[PDB]
């Protein structure tokens, strides 16, 4: 979607492997703010939104 | 209220201990007041701060 109508998807009731996001070189920018990128596989979350 | 002088000292010491215990719940401007949360969430360059 366009940026004025940006699409928000809820992520819930799943086990998430974020290690395929860090180790992928396809992303030009992979920048996390409140959390380390390599600790995402070690934590549990709710209210995940894309 | 006959024994108020001893109870005043006991209440002051217990209140000082309760304040010192309560001060661990404050983050003092950090993202969290729990050290394990910071050490499990962040890389050492920003976890150091």
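Every residue, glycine as well, gets a Cβ built from its backbone with ideal geometry; the counts of neighbours run over all protein chains shown. FYI, it's all coordinate maths here, none of it is from the lab.
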Checklist line | Protection-proxy order for peptides A:8-15, B:41-48, each taking the mean of Cβ atoms within 10 Å per residue, highest first | finding: B:41-48, A:8-15
Notebook entry, point to check: Tilt of helix B:4-22 relative to the longest C-alpha principal axis of chain B, in degrees (0 to 90, nearest 10)?
Noted result: 10 degrees
Notebook entry, point to check: If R0 is 41 Å, what FRET efficiency do you get for residue A:27 and residue B:19 from their C-beta distance, rounded to 0.05?
Noted result: 0.30
Check: Ranked from highest to lowest mean number of other Cβ atoms within 10 Å per residue, what is the order of the peptides A:32-43, B:23-34?
Finding: A:32-43, B:23-34
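What shape does chain A have by the C-alpha gyration tensor, where a ≥ b ≥ c are the square roots of the eigenvalues, rounded means a/c under 1.5, and otherwise prolate means a/b greater than b/c and oblate the rest?
Oblate is the answer for chain A, as a/c is 1.5 or above yet b/c matches or exceeds a/b.
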Next item on the list: Summarise the partner chain shielding of B:38-45 as one whole number: the mean count of Cβ atoms from other chains within 10 Å of each residue's Cβ.
Entry: 3
Next item on the list: Quickly work out the residue B:49-to-residue A:44 label distance, labels modelled 7 Å from Cα along the C-beta direction, and quote it in nm with one decimal.
Entry: 3.0 nm
Check: Once label points are set 7 Å from the Cα along Cα→Cβ at both residue A:4 and residue A:35, what is their separation, rounded to one decimal in nm?
Finding: 3.2 nm
